[PDB]
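S.K.:
2 protein chains.
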Amino acid sequence: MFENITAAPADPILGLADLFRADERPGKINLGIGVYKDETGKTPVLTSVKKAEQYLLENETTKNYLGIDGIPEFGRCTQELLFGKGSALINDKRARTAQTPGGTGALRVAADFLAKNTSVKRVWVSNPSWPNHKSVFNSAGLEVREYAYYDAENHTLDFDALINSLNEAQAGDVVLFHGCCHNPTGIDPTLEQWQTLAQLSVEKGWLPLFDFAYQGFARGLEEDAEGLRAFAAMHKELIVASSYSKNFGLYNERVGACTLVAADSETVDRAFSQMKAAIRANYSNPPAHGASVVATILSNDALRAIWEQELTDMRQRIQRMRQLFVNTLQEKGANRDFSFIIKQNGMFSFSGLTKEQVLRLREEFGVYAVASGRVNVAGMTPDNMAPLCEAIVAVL
Amino acid sequence: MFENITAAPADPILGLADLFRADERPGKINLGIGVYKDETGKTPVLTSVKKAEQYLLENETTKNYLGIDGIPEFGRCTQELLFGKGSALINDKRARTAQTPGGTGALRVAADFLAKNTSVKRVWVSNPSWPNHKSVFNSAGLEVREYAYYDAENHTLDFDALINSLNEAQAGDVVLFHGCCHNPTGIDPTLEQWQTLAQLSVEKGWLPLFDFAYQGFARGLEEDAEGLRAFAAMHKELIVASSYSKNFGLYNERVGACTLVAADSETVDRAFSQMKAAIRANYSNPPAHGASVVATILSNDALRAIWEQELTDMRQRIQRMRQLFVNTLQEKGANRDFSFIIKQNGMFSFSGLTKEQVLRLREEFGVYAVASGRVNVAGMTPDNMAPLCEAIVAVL
Ligand SMILES: Cc1ccc(COP(=O)(O)O)c(/C=N/[C@@H](CC(=O)O)C(=O)O)c1O
Ligand SMILES: Cc1ccc(COP(=O)(O)O)c(/C=N/[C@@H](CC(=O)O)C(=O)O)c1O
Ligand SMILES: [Cl-]
Ligand SMILES: [Cl-]
């Protein structure tokens, strides 16, 4: 049965973990997968998470299955983060949320729900985007088409190209938008641009799917949701796949949410019964631990205050690392102007290193980035900054 | 986009939770979903699990992503439970295991792996079986066909009918076998029958997929795996989807495993790279908490001893409840011979109640079973036994 199966290529992002682990050299520097590291180059459990976990250990009295859509309080806290307290979507009961195993899980649930229950055949994704978007949608049987997004010469959102790419999208196609911290470019629409896209997609009949994996890492929780809220105000229907992996440092507990929005509560409840059927046929019901930590934190004033300050701390450290990286490249002799990096949002720097420069950085210098040239700025520290920049300068 | 979506039917098993929750009557009795309850009608966290969780709280220093296939020690402990310490499959490195979100997740991963990477088009499932089997395989695009299994008149495995149903299976079809505690019938092949099926499926070219959600609930961990081991000894290739939800009481943490076996290590490693690609496109990587609890327990002599005795305790309580149920039906005037129930394996009693009797038990008596007539014996207690049996007698 299996004699003839050809090997899959290693994953361009997660596959780096294997190579990095196998590299026995001591000065290695990991700027690959999008995890946060603190000033010591560690990814600790957040203190608010440990506190919540201690509370759960003391107070949980069963592991009985959650509902297919997960913890109700988790869904309500998620909708409030996405749409804002007092949102009409919430008041009108127009949104249903399933807790999912990670943002990836939420994208797969959305895709299977769309493929089985609507006329959707194609999803439009930005070029460039996270490489696993294509894989997830294709796995559900949906075609993926790309829309232009990035002007590499000026390091800006090429809004005219984006518009004119999307003119090929038909009514009823899905268009995927990253909510904030575009991966990999770090370049987000301004609010006015978000508003322009909202009106365009209503006019053109696109179904918006927002990916929201980095809420809080661009400017802050509420500001980062402004683009999604501009869409929510204009559309009867949309879907949001959101993750708490990064903003709670809960990567391996798989905590995400798929939120379905429709014109009214009768419609969303009917549609949502098919999303639950899709989940049941996939992983049955979602893992409680990480979601219960998030719900415990978000629903407790003290834990929430601790957590929101930890999120602010991560965002500000990454911003300090952006400045230091730009400053140190200059000092180590780069010559090129890299100041555009300071303006990028989120964990990454997309600096125009070629695939061969990235390969050379790994093989010769033990510095690990993704082949697209995406670098995890959140993996930089004052101690590894000098060697990292010396290596980059050496490959330029 | 969603105006026209027709509502999904509620799930025949998980949907009971909603109805039971909404039923405001005080004497309700829950014999529906397959969770264990102790003598107080509660589903507590196992003591070995709490201990492991305390250890994790004290010792975990990151939530950084696991590999796509999860915790290595978890995979190794899983293969040892399935195949036995010293198994040739293990020595020859012929098996790869991915940790998955539950047994359901492992079945979906197997199905997507098969659909995308082999010529498999059809999976054969016993009539009756767990209703979500059909849903999972169909969601991956595979057809499901049924094979005869149960002689309801004599309450036995109708082995001749099973054989003659399966003559219609082609070489290269998958045949799904429940490892032990067949759900819903509680009727398992004897070892000699397992051995006969192993030789038959090799001869006929069927790919065996074992579902193993109840290891330890029939007779014990090792005895319950004898059928799978009879298959492993005869086949070059098979897949096992196994769950730790029930035998660790970890239902909501979603702890399962998909184990792929091929003729040699080169083949299984190549095949497994495509199973990992399928996982990446689904939920990316699996939830650490429940799996890390299982690995922590299975890899520690003291915790393992505690856990194995807790598993024995659950199995023996269910066996005491089977006897008490049969005895009490007799005392409350059933008249029918129900002694066949004592011999059934696992959590359930499949007693021949009709769908209408089950509906009447819910509506009129607040007693909740599944429409197929499956009753969760693990939900019976000395205190709820009298009322439960009075209700059943009243509907006969
Ligand atoms: C745009 C986007 C959407 C969805 C995900 C996955 O989040 P999850 O862990 O499933 O909650 C990521 C995260 N990307 C990371 C890590 C990875 O590739 O798995 C990265 O790009 O390095 C992402 O960047
Ligand atoms: C044969 C079989 C295979 C797979 C599963 C799901 O296990 P998981 O929770 O995903 O690890 C169950 C469990 N069945 C239960 C609970 C349910 O239906 O979800 C039941 O039949 O009541 C099962 O009975
Ligand atoms: Cl509902
Ligand atoms: Cl490997």
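Residue numbers (the entry's author numbering), protein chains in the order written: chain A, 13 to 408; chain A', 13 to 408. A prime marks a further copy of an entry chain.
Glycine residues also receive a C-beta, built at the ideal position from the N, C-alpha and C atoms.
#1: Spell out whether any CB of chain A is found under 9 Å from the CB atom of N312 of chain A'.
#2: Can you have a look at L43 of chain A and say buried or exposed, based on whether 16 or more other CB atoms are within 10 angstroms of its CB?
#3: Assuming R266 of chain A and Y295 of chain A' form a contact by the criterion Cβ under 8 Å, report the distance between their Cβ atoms to the nearest whole angstrom.
#4: CB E92 of chain A' to CB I102 of chain A', shorter than 9 Å?
#5: Please compile the residues from chain A whose C-beta is within a distance smaller than 7 Å of the C-beta of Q286 of chain A'.
#6: With a threshold of 8 Å (Cβ to nearest heavy atom), would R316 of chain A be considered close to ligand 1?
#7: Should the stretch 285-301 of chain A' be regarded as contacting the stretch 323-339 of chain A', the criterion being three or more beta carbon pairs within less than 8 Å?
#8: Is the closest heavy atom of ligand 1 to the C-beta of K133 of chain A' under 8 Å?
#9: How close, in whole Å, do the beta carbons of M13 of chain A' and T366 of chain A come, if the pair is a contact with beta carbons under 8 Å?
#10: Mapping the DSSP letters down to three states, classify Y162 of chain A as helix, strand or coil.
#11: To the nearest whole angstrom, what separates the beta carbons of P24 of chain A' and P143 of chain A', a pair I think is in contact under 8 Å?
#12: Between A:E51, A:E70, A:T55, A:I251, which has its C-alpha nearest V57 of chain A''s C-alpha?
#13: DSSP on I199 of chain A, reduced to helix/strand/coil?
#14: Please compile the residues from chain A whose C-beta is within a distance smaller than 8 Å of the C-beta of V47 of chain A'.
#15: For the beta strand (DSSP E) containing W136 of chain A', name the first residue and the last one.
#16: How should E238 of chain A be labelled, buried or exposed, when 16 other C-beta atoms within 10 angstroms of its C-beta is the threshold for buried?
#17: Have a look at A:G385, A:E278, A:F377 and flag the residue whose alpha-carbon is nearest the alpha-carbon of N396 of chain A.
#18: What residues in the stretch 51-83 of chain A' have a beta carbon less than 9 Å from any beta carbon of chain A?
#19: With a threshold of 8 Å (Cβ to nearest heavy atom), would residue 419 of chain A' be considered close to ligand 2?
#20: At the level of alpha carbons, what is the spacing between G115 of chain A and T90 of chain A?
#21: Name the chain A residues whose beta carbon is nearer than 9 Å to that of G391 of chain A'?
#22: Express the C-alpha separation of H145 of chain A and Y159 of chain A in angstroms, rounding to a whole number.
#23: Listing by chain order, which chain A' residues have their CB less than 7 Å from the CB of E155 of chain A?
#24: Taking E265 of chain A' as the query, report the chain A residues whose CB atoms sit under 8 Å from its CB, ordered along the chain.
#25: Determine whether the Cβ of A289 of chain A' lies closer than 9 Å to any Cβ atom of chain A.
#26: With C-beta atoms as the reference, is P298 of chain A less than 9 Å away from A173 of chain A?
#27: On the premise that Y226 of chain A lies in contact with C192 of chain A, defined as a C-beta separation below 8 Å, what is that separation, rounded to the nearest angstrom?
#28: Using DSSP bridges, identify the partner residues of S255 of chain A.
#29: So the alpha helix (DSSP H) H145 of chain A belongs to, where does it begin and stop?
#30: Short check: CB of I404 of chain A' to CB of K344 of chain A', under 9 Å?
#31: Out of A:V305, A:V370, A:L272, state which residue places its alpha-carbon closest to the alpha-carbon of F86 of chain A.
#32: Would you please verify whether the beta carbon of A253 of chain A' is less than 9 Å from any beta carbon of chain A?
#33: Would you call the stretch 248-268 of chain A' in contact with the stretch 61-78 of chain A, where contact means no fewer than 3 C-beta pairs closer than 8 Å?
#34: List the residues of chain A that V148 of chain A' touches, going by C-beta distances under 7 Å, in chain order.
#35: Just the Cα atoms here: how many angstroms apart are residue 9 of chain A' and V148 of chain A'?
#36: Could you pull out every residue in the same chain whose Cβ sits closer than 8 Å to the Cβ of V187 of chain A', ignoring the five residues on either side in sequence?
M.R.: In short:
#1: Not one beta carbon of chain A lies nearer than 9 Å to the beta carbon of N312 of chain A'.
#2: So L43 of chain A counts as buried.
#3: Rounded, the Cβ-Cβ distance is 6 Å, consistent with contact.
#4: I102 of chain A' is positioned such that its CB atom lies closer than 9 Å to that of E92 of chain A'.
#5: Result: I17, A20.
#6: Outside the cutoff, so no.
#7: Not touching, per the Cβ criterion.
#8: Within the chosen limit of 8 Å, ligand 1 does not reach the beta carbon of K133 of chain A' with any heavy atom.
#9: The Cβ separation is near 41 Å, so there is no contact.
#10: Residue state, collapsed to three classes: strand.
#11: Between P143 of chain A' and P24 of chain A' the Cβ distance is about 5 Å, and since that is below 8 Å, they are a contact.
#12: Taking only the C-alpha atoms, the option nearest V57 of chain A' is A:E70.
#13: DSSP places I199 of chain A in coil when its eight states are reduced to three.
#14: Those are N76, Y77, listed as they occur along chain A.
#15: Where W136 of chain A' is concerned, the enclosing beta strand (DSSP E) stretches over 134-139.
#16: By the 10 Å Cβ count, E238 of chain A comes out buried.
#17: Taking the Cα of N396 of chain A as reference, the smallest distance to any Cα among A:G385, A:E278, A:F377 is reached at A:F377.
#18: The stretch 51-83 of chain A' vs chain A, Cβ under 9 Å: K54, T55, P56, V57, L58, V61, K62, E65, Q66, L68, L69, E72, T73, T74, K75, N76, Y77, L78, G79, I80.
#19: Because residue 419 of chain A' is not part of the residues shown, which for chain A' are 13 to 408, the question remains open.
#20: Distance from the CA atom of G115 of chain A to the CA atom of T90 of chain A, rounded to whole angstroms, is 13 Å.
#21: The premise fails here: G391 of chain A' is roughly 12 Å from chain A at the closest Cβ pair, so nothing lies under 9 Å.
#22: Cα-Cα distance, rounded: 13 Å.
#23: By Cβ distance, chain A' contributes nothing, its closest Cβ being about 15 Å from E155 of chain A, past 7 Å.
#24: Among the residues of chain A, those whose CB is under 8 Å from the CB of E265 of chain A' are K75, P299, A300, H301, following chain order.
#25: Judged by the 9 Å Cβ criterion, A289 of chain A' is in contact with chain A.
#26: At least 9 Å separates the beta-carbon of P298 of chain A from that of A173 of chain A.
#27: A Cβ-Cβ distance of about 6 Å is found for the pair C192 of chain A and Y226 of chain A, placing them in contact under the 8 Å criterion.
#28: Paired residues: A:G268.
#29: Unbroken alpha helix (DSSP H) run through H145 of chain A: 143-151.
#30: Between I404 of chain A' and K344 of chain A', the CB-CB gap stays under 9 Å.
#31: Minimum Cα distance to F86 of chain A is reached at A:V305.
#32: Chain A, which has no Cβ nearer than 9 Å to the Cβ of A253 of chain A', makes this no.
#33: A contact exists between the stretch 248-268 of chain A' and the stretch 61-78 of chain A.
#34: Neighbourhood of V148 of chain A' in chain A, by CB distance below 7 Å: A293, in chain order.
#35: Within the shown structure, residues of chain A' are numbered from 13 to 408, placing residue 9 of chain A' beyond reach of any answer.
#36: Apart from sequence neighbours up to five positions away, the residues of its chain that approach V187 of chain A' with a beta-carbon distance below 8 Å are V135, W136, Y159, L178, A181, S213, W218, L219, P220, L221, ordered along the chain.
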